[PDB]
Each structure stands twice: as C-alpha cells, then as structure tokens.
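The file query_27.cif comes next; it holds mmCIF, C-alpha atoms.
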data_upload
#
loop_
_atom_site.label_atom_id
_atom_site.label_comp_id
_atom_site.auth_asym_id
_atom_site.auth_seq_id
_atom_site.Cartn_x
_atom_site.Cartn_y
_atom_site.Cartn_z
CA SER A 2 0.00 0.00 0.00
CA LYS A 3 1.00 3.62 0.65
CA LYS A 4 4.07 2.36 2.51
CA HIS A 5 4.45 -1.01 0.80
CA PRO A 6 2.97 -0.55 -2.67
CA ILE A 7 1.66 -3.58 -4.55
CA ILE A 8 1.54 -3.36 -8.39
CA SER A 9 -0.89 -5.76 -10.06
CA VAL A 10 -1.02 -6.82 -13.73
CA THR A 11 -4.08 -8.91 -14.61
CA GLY A 12 -5.19 -10.65 -17.79
CA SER A 13 -1.92 -11.86 -19.31
CA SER A 14 -0.29 -15.26 -18.78
CA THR A 18 2.13 -14.44 -23.29
CA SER A 19 4.40 -12.54 -20.81
CA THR A 20 6.62 -9.94 -22.56
CA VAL A 21 5.51 -7.94 -19.62
CA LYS A 22 7.77 -9.03 -16.77
CA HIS A 23 11.00 -8.06 -18.59
CA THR A 24 9.59 -4.55 -18.89
CA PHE A 25 8.93 -4.07 -15.18
CA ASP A 26 12.29 -5.67 -14.42
CA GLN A 27 13.84 -3.07 -16.78
CA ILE A 28 12.17 -0.34 -14.74
CA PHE A 29 12.83 -1.61 -11.21
CA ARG A 30 16.45 -2.01 -12.32
CA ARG A 31 16.42 1.40 -13.99
CA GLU A 32 15.02 2.94 -10.81
CA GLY A 33 16.60 0.91 -7.99
CA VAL A 34 13.27 -0.60 -6.93
CA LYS A 35 14.02 -3.79 -4.99
CA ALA A 36 11.03 -5.99 -5.88
CA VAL A 37 9.47 -9.22 -4.73
CA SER A 38 7.07 -10.92 -7.10
CA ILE A 39 4.22 -13.41 -7.40
CA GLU A 40 3.64 -15.58 -10.47
CA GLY A 41 -0.12 -16.00 -10.74
CA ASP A 42 0.23 -19.73 -11.38
CA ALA A 43 1.44 -20.14 -7.84
CA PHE A 44 -2.13 -19.77 -6.54
CA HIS A 45 -4.01 -22.39 -8.50
CA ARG A 46 -5.83 -24.65 -6.07
CA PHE A 47 -4.83 -27.84 -7.91
CA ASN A 48 -1.74 -29.43 -9.36
CA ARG A 49 -2.22 -31.00 -12.79
CA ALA A 50 -3.58 -34.41 -11.69
CA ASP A 51 -5.95 -32.96 -9.12
CA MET A 52 -7.43 -30.55 -11.62
CA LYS A 53 -7.57 -32.99 -14.52
CA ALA A 54 -9.43 -35.10 -12.01
CA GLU A 55 -11.52 -32.21 -10.71
CA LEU A 56 -12.75 -31.79 -14.28
CA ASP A 57 -13.92 -35.36 -14.83
CA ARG A 58 -16.03 -35.30 -11.61
CA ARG A 59 -17.62 -32.12 -12.87
CA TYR A 60 -18.18 -33.44 -16.39
CA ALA A 61 -19.83 -36.52 -14.83
CA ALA A 62 -22.16 -34.29 -12.81
CA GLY A 63 -23.11 -32.20 -15.86
CA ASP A 64 -20.68 -29.38 -15.38
CA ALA A 65 -18.99 -27.91 -18.42
CA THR A 66 -18.11 -24.68 -16.60
CA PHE A 67 -15.05 -25.40 -14.47
CA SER A 68 -11.65 -24.05 -15.61
CA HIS A 69 -8.51 -22.20 -14.52
CA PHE A 70 -10.49 -18.97 -14.80
CA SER A 71 -13.09 -19.86 -12.15
CA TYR A 72 -12.44 -18.60 -8.58
CA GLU A 73 -12.91 -22.13 -7.21
CA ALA A 74 -9.81 -23.24 -9.05
CA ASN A 75 -7.65 -20.71 -7.23
CA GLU A 76 -6.25 -20.07 -3.79
CA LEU A 77 -7.92 -16.72 -3.97
CA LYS A 78 -8.19 -15.64 -0.32
CA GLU A 79 -4.65 -16.77 0.36
CA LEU A 80 -3.72 -14.40 -2.46
CA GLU A 81 -5.78 -11.76 -0.71
CA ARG A 82 -4.18 -12.60 2.63
CA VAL A 83 -0.74 -12.11 1.13
CA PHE A 84 -1.65 -8.82 -0.52
CA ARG A 85 -3.06 -7.83 2.90
CA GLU A 86 0.22 -8.87 4.56
CA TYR A 87 2.56 -7.11 2.16
CA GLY A 88 0.72 -3.83 2.63
CA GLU A 89 1.12 -3.69 6.37
CA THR A 90 4.37 -5.47 7.24
CA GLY A 91 6.05 -6.41 3.97
CA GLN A 92 6.01 -10.15 4.53
CA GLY A 93 4.18 -13.03 2.92
CA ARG A 94 4.55 -16.24 0.96
CA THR A 95 4.66 -17.46 -2.65
CA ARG A 96 4.92 -20.68 -4.63
CA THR A 97 6.28 -21.37 -8.04
CA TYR A 98 4.63 -23.64 -10.52
CA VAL A 99 4.33 -23.18 -14.34
CA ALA A 106 12.06 -25.66 -11.20
CA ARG A 107 14.52 -27.52 -8.96
CA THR A 108 13.26 -28.68 -5.56
CA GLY A 109 12.95 -32.19 -6.76
CA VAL A 110 10.38 -30.34 -8.91
CA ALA A 111 8.06 -32.41 -11.08
CA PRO A 112 6.44 -30.74 -14.04
CA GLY A 113 2.88 -30.49 -12.77
CA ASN A 114 3.36 -29.94 -9.04
CA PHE A 115 3.56 -26.94 -6.77
CA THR A 116 6.99 -26.20 -5.31
CA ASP A 117 6.94 -25.23 -1.61
CA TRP A 118 5.97 -21.84 -0.03
CA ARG A 119 8.66 -19.22 0.66
CA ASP A 120 8.75 -16.42 3.16
CA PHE A 121 8.87 -13.09 1.42
CA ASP A 122 12.30 -11.50 1.15
CA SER A 123 13.09 -8.40 3.18
CA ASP A 124 13.63 -4.67 2.46
CA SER A 125 11.30 -4.73 -0.57
CA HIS A 126 10.09 -1.46 -2.12
CA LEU A 127 7.04 -3.13 -3.69
CA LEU A 128 5.38 -6.43 -4.46
CA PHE A 129 4.65 -7.29 -8.08
CA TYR A 130 1.94 -9.68 -9.22
CA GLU A 131 1.32 -11.03 -12.76
CA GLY A 132 -1.67 -13.27 -13.58
CA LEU A 133 -5.38 -13.64 -14.32
CA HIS A 134 -6.65 -12.58 -10.86
CA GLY A 135 -4.85 -9.38 -9.76
CA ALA A 136 -8.00 -7.30 -9.57
CA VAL A 137 -10.62 -9.83 -8.54
CA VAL A 138 -13.53 -8.36 -6.71
CA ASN A 139 -16.09 -10.87 -5.67
CA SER A 140 -18.46 -11.77 -2.89
CA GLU A 141 -15.80 -13.36 -0.66
CA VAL A 142 -12.56 -11.62 -1.62
CA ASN A 143 -11.57 -8.09 -2.66
CA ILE A 144 -8.21 -8.24 -4.38
CA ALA A 145 -8.55 -5.06 -6.48
CA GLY A 146 -8.86 -2.99 -3.32
CA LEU A 147 -5.42 -3.81 -1.97
CA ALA A 148 -3.25 -2.79 -4.93
CA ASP A 149 -2.15 0.80 -5.56
CA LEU A 150 -1.68 0.25 -9.27
CA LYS A 151 -3.74 -2.16 -11.27
CA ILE A 152 -2.78 -2.74 -14.91
CA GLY A 153 -4.66 -4.91 -17.33
CA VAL A 154 -2.94 -6.58 -20.20
CA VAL A 155 -5.64 -8.26 -22.26
CA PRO A 156 -6.07 -9.55 -25.86
CA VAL A 157 -9.28 -9.32 -27.88
CA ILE A 158 -11.21 -12.52 -27.29
CA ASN A 159 -10.50 -13.75 -30.81
CA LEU A 160 -6.77 -13.56 -30.05
CA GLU A 161 -7.01 -15.25 -26.60
CA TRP A 162 -8.48 -18.33 -28.29
CA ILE A 163 -5.76 -18.45 -30.94
CA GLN A 164 -3.25 -17.97 -28.16
CA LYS A 165 -4.89 -20.83 -26.30
CA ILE A 166 -5.55 -23.23 -29.19
CA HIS A 167 -1.85 -22.97 -29.84
CA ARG A 168 -0.85 -23.93 -26.28
CA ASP A 169 -3.22 -26.91 -26.59
CA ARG A 170 -1.96 -28.19 -29.90
CA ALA A 171 1.48 -28.45 -28.35
CA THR A 172 0.59 -30.78 -25.44
CA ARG A 173 -2.24 -33.19 -26.03
CA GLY A 174 -3.00 -36.15 -23.81
CA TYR A 175 -5.95 -38.56 -24.25
CA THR A 176 -8.19 -35.60 -23.42
CA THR A 177 -11.19 -36.46 -25.61
CA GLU A 178 -12.33 -32.81 -25.38
CA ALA A 179 -11.97 -30.89 -28.61
CA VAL A 180 -10.76 -27.30 -28.90
CA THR A 181 -14.33 -26.12 -29.40
CA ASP A 182 -15.36 -27.70 -26.11
CA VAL A 183 -12.24 -26.47 -24.30
CA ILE A 184 -12.84 -22.99 -25.64
CA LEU A 185 -16.57 -22.88 -24.75
CA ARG A 186 -16.10 -24.50 -21.31
CA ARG A 187 -13.78 -21.53 -20.57
CA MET A 188 -16.28 -18.87 -21.62
CA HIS A 189 -18.36 -19.41 -18.55
CA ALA A 190 -15.72 -18.37 -16.06
CA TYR A 191 -14.15 -16.02 -18.57
CA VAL A 192 -17.19 -13.80 -18.75
CA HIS A 193 -17.98 -14.44 -15.05
CA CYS A 194 -14.51 -13.98 -13.42
CA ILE A 195 -12.13 -12.40 -15.94
CA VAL A 196 -14.04 -9.76 -17.90
CA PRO A 197 -15.23 -7.80 -14.80
CA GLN A 198 -11.66 -7.24 -13.64
CA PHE A 199 -10.98 -4.87 -16.54
CA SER A 200 -13.20 -2.29 -14.85
CA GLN A 201 -11.15 -2.46 -11.65
CA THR A 202 -7.84 -1.62 -13.31
CA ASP A 203 -6.22 1.83 -13.60
CA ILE A 204 -4.70 1.35 -17.05
CA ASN A 205 -5.64 -1.23 -19.65
CA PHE A 206 -3.38 -2.31 -22.47
CA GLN A 207 -5.55 -4.19 -25.03
CA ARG A 208 -3.84 -6.23 -27.75
CA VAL A 209 -5.85 -6.02 -30.96
CA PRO A 210 -4.75 -7.84 -34.12
CA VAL A 211 -4.93 -5.94 -37.32
CA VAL A 212 -5.03 -9.21 -39.19
CA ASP A 213 -7.88 -11.60 -39.79
CA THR A 214 -8.83 -13.42 -36.64
CA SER A 215 -12.41 -14.27 -37.65
CA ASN A 216 -12.05 -17.96 -37.19
CA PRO A 217 -9.60 -18.50 -34.29
CA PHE A 218 -9.75 -22.27 -34.72
CA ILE A 219 -7.80 -22.62 -38.01
CA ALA A 220 -5.22 -20.00 -37.09
CA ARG A 221 -2.02 -21.40 -38.31
CA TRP A 222 -0.04 -19.06 -36.04
CA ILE A 223 -0.32 -16.30 -33.52
CA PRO A 224 -0.50 -12.74 -34.83
CA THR A 225 2.93 -11.26 -34.05
CA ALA A 226 3.43 -7.92 -32.33
CA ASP A 227 3.82 -6.32 -35.73
CA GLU A 228 0.43 -7.55 -36.87
CA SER A 229 -1.44 -5.97 -33.97
CA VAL A 230 -2.10 -2.62 -32.22
CA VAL A 231 -2.43 -1.94 -28.52
CA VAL A 232 -5.06 0.38 -27.11
CA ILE A 233 -3.86 1.94 -23.86
CA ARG A 234 -6.81 3.36 -21.98
CA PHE A 235 -6.38 5.35 -18.75
CA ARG A 236 -9.19 5.11 -16.16
CA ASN A 237 -8.37 8.75 -15.40
CA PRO A 238 -6.27 10.76 -17.88
CA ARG A 239 -5.33 13.61 -15.56
CA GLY A 240 -1.64 14.46 -15.51
CA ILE A 241 -1.11 12.29 -18.58
CA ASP A 242 0.63 14.12 -21.36
CA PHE A 243 -0.63 12.49 -24.53
CA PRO A 244 1.29 14.72 -26.95
CA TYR A 245 4.40 13.80 -25.09
CA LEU A 246 3.45 10.24 -25.62
CA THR A 247 2.40 10.45 -29.27
CA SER A 248 5.63 12.40 -29.98
CA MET A 249 7.72 9.77 -28.34
CA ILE A 250 5.96 6.64 -29.50
CA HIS A 251 6.30 6.75 -33.22
CA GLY A 252 3.18 5.74 -35.08
CA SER A 253 0.64 6.42 -32.36
CA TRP A 254 -2.60 8.39 -32.48
CA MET A 255 -5.54 9.02 -30.18
CA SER A 256 -8.85 7.26 -30.55
CA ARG A 257 -10.69 8.86 -27.59
CA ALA A 258 -9.67 11.68 -25.26
CA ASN A 259 -8.45 9.03 -22.85
CA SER A 260 -6.86 6.28 -24.91
CA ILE A 261 -3.79 6.06 -27.12
CA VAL A 262 -3.39 3.48 -29.90
CA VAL A 263 0.17 2.30 -30.29
CA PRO A 264 1.75 -0.04 -32.86
CA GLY A 265 2.10 -3.52 -31.31
CA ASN A 266 5.84 -3.68 -31.80
CA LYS A 267 6.07 -0.69 -29.42
CA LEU A 268 4.39 -1.99 -26.28
CA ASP A 269 7.68 -2.35 -24.39
CA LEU A 270 8.48 1.37 -25.01
CA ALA A 271 4.95 2.63 -24.18
CA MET A 272 5.06 0.69 -20.93
CA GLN A 273 8.43 2.25 -20.07
CA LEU A 274 7.40 5.76 -20.98
CA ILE A 275 4.10 5.39 -19.24
CA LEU A 276 4.91 3.29 -16.18
CA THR A 277 8.35 4.52 -15.27
CA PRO A 278 6.90 7.64 -13.44
CA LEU A 279 3.94 5.97 -11.74
CA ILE A 280 6.31 3.40 -10.20
CA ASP A 281 8.51 6.27 -9.16
CA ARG A 282 5.70 8.38 -7.70
CA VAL A 283 4.93 5.16 -5.87
CA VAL A 284 8.45 4.32 -4.64
CA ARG A 285 8.93 7.93 -3.50
CA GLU A 286 5.73 8.15 -1.37
CA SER A 287 6.63 4.95 0.50
CA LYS A 288 9.68 6.70 1.96
CA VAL A 289 7.90 9.98 2.86
#
Can you turn what I pasted into structure tokens?
Amino acid sequence: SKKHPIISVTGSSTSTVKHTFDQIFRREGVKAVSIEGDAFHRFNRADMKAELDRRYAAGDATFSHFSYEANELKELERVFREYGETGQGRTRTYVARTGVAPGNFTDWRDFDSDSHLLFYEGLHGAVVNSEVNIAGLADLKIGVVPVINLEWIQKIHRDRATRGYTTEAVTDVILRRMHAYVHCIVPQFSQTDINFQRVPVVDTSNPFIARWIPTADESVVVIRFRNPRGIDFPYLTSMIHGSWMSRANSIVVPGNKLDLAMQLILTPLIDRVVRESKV
C-alpha cells in the first residue's frame, strides 16, 4: 500500500511484460518481490484434470482455470493484505529444482526483506467478488488483455502443443472456458487503472484454423487510462512513433512498441509510488 505498494497486472499469462517491469525496477533501484499468478491455482495437474472429470460426470462444463474455485484466492488476498502492512508473505512457483516435477507446486517461501514493492502477474490481480476483494489492496492495477479472438488463438496454440488422451476438442475447451471467462475475468478490466488491449490488425475471424499467432507487428495496442489527468498524450504520441488518439483518454500504439509505451508510461507511476513509501 501507501508504505508497501503492490503493483498488479491482470489478464496476461504471453508474458513480454515481466522483462519490462524488471527493466524499470532495475532502472530505478526498486528492490522488488514478485508473485507468479500460477502459484495460486488450487490444484496441481492431476488434481485438476481429475476435478474436471467429476464435474463433467455431474453435468458441469463450466469449471476451468479462470473460475475462482480453481484458485487459492483468499490466500492471495491474505498475502496482498500482509505485504501492505508489514512487507512479509509467501509465494509458490509452478508453471524448477526442488525435486520439482512438471505439474506440481513447489513449496511456499517467506517473502524476502527490504522490498520497495510487491509485483503480481496473472489472471486474478483485480478480482472483486463476494468473498474476496483483491482489487482494493493494490495501488496500481494494470490490465494486459487480448481481444477474445486472439485469446483463443493464443490458447488453441498452447493446446496443440501438449495433447493427452483428453477427448475434449478445442471447441469444447474454448466454450467450457467462456463461462468463467465472462464471469470472473471480464469484470476485472473495470477495476484496473490502465488497460493495455492487444488487438490484431489481421484476420482473426475464425480462431480455430489460425495457423499461427499474430505477431506484435500484426497488432495494435489500445492503452486506456481510467483517469487521464496528468497524462501528457502529446508527449506520448511524440515519443511513440506511429501512435494516435482514438478517444480523449486512450492512445493506440503499434504492437511492436508496447515495451516502449510501458516504459514511458509506467516509469513515473512506479517512481511516484516508490517515492511516497519513503515519505
């Protein structure tokens, strides 16, 4: 919080994004602890793969990694709570030497000491729901989201590179995810302070026969600010070559220039944040 700021990126897990924040915390001397959003899935691979066959026997084509039930959500809240006040907490790793195993959660760590901020990247960094309020504990909430068409392509590609005897087809994997996508993911993009939305400017009208993922070059990113006060858009459009404004509060930026728009944009918020913690 004010004295232990937590920054929270929700929606994305490609992941160009971490390198960018790293580049800034290094550029600015911000000693940072971090949470990989995978670390708070309720189930390891077997448990979940199993959790899904119980469901599909009951009549339940709505459970996925997007649903709240599939995530240690209030632990994630507890930790965001704990960082704010004291600067301690825990994290796992998943997605890794401990003995490891692909498909298993490593063991919980105490949070390092003398941290300027915590950093979270995943699909639930701004959850607000009836049990847990995770948006409310983070001083900066960023959303990095693709247009639905491009999430499917992004997903159909991860799932044509690791099969199994699944018996569920991409159509059924894609639809089964819509339920928790519209119920748990979509709403979060009204909790965030700044959204970056990745929009392909190539044909994504049938995501299911997409032979490859639209590269950065073949997309634009809309960067919308919840509140555009203080923001100097001419500065920004001068600096980011190729950009223009679509509304009074959002800049469109060629997709090969995300990394630079994040630096130009985020470098000063993370400073104004690291300088009010020590004041």
Check your understanding: Could you write out as a PyMOL selection string the residues that the PyMOL selection byres ((chain A and resi 247) around 12) matches in the shown file?
Key -> chain A and resi 233+241-246+248-256+260-264+267+270-271+274-275
Exercise for review: Check the smallest atom-to-atom distance from each of A:110, A:180, A:8, A:232 to residue 126 (chain A) using only C-alpha atoms, then report the winner.
Suggested key: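 Nearest to residue 126 (chain A): A:8.
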Practice item. List, as a ChimeraX atom specification, every residue that the PyMOL selection byres ((chain A and resi 65) around 9) selects in the file provided. Key: /A:56,59-60,63-64,66-68,182,185-187,189
Check your understanding: Near residue 148 (chain A), within 9 Å and counting all atoms listed in the file, which residues show up once chain neighbours fewer than 4 positions away are dropped, as a list in words?
Key ->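 Counting only the stated atoms, we get residues 2, 6, 7, 8, 9, 84, 88, 135, 136 and 144 of chain A.
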Using the chain letters and numbers from the file, which residues does the PyMOL selection byres ((chain A and resi 194) around 10) grab, as a PDB file with C-alpha atoms, keeping the file's coordinate frame?
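Output (result.pdb):
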ATOM      1  CA  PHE A  70     -10.490 -18.970 -14.800  1.00  0.00           C
ATOM      2  CA  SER A  71     -13.090 -19.860 -12.150  1.00  0.00           C
ATOM      3  CA  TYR A  72     -12.440 -18.600  -8.580  1.00  0.00           C
ATOM      4  CA  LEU A 133      -5.380 -13.640 -14.320  1.00  0.00           C
ATOM      5  CA  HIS A 134      -6.650 -12.580 -10.860  1.00  0.00           C
ATOM      6  CA  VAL A 137     -10.620  -9.830  -8.540  1.00  0.00           C
ATOM      7  CA  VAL A 138     -13.530  -8.360  -6.710  1.00  0.00           C
ATOM      8  CA  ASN A 139     -16.090 -10.870  -5.670  1.00  0.00           C
ATOM      9  CA  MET A 188     -16.280 -18.870 -21.620  1.00  0.00           C
ATOM     10  CA  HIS A 189     -18.360 -19.410 -18.550  1.00  0.00           C
ATOM     11  CA  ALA A 190     -15.720 -18.370 -16.060  1.00  0.00           C
ATOM     12  CA  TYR A 191     -14.150 -16.020 -18.570  1.00  0.00           C
ATOM     13  CA  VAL A 192     -17.190 -13.800 -18.750  1.00  0.00           C
ATOM     14  CA  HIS A 193     -17.980 -14.440 -15.050  1.00  0.00           C
ATOM     15  CA  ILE A 195     -12.130 -12.400 -15.940  1.00  0.00           C
ATOM     16  CA  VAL A 196     -14.040  -9.760 -17.900  1.00  0.00           C
ATOM     17  CA  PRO A 197     -15.230  -7.800 -14.800  1.00  0.00           C
ATOM     18  CA  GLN A 198     -11.660  -7.240 -13.640  1.00  0.00           C
TER      19      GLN A 198
END
Practice item. With a distance cut-off of 9 Å and all atoms listed in the file, select the neighbouring residues of residue 272 (chain A), excluding the residue or stretch itself and same-chain residues fewer than 5 positions from it, and output the selection as a PyMOL selection string. Key: chain A and resi 21+24-25+267+277
If you keep C-alpha atoms, can you produce a file of those selected residues as a PDB file, in the frame of the given file?
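Okay, this is what ended up in out-v2.pdb:
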ATOM      1  CA  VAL A  21       5.510  -7.940 -19.620  1.00  0.00           C
ATOM      2  CA  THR A  24       9.590  -4.550 -18.890  1.00  0.00           C
ATOM      3  CA  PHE A  25       8.930  -4.070 -15.180  1.00  0.00           C
ATOM      4  CA  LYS A 267       6.070  -0.690 -29.420  1.00  0.00           C
ATOM      5  CA  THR A 277       8.350   4.520 -15.270  1.00  0.00           C
TER       6      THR A 277
END
**Study point:** Nearest to residue 87 (chain A) by atom-to-atom distance, counting only C-alpha atoms, from A:19, A:5, A:122, A:235
**Key:**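 So, comparing all the options, the nearest one is A:5.
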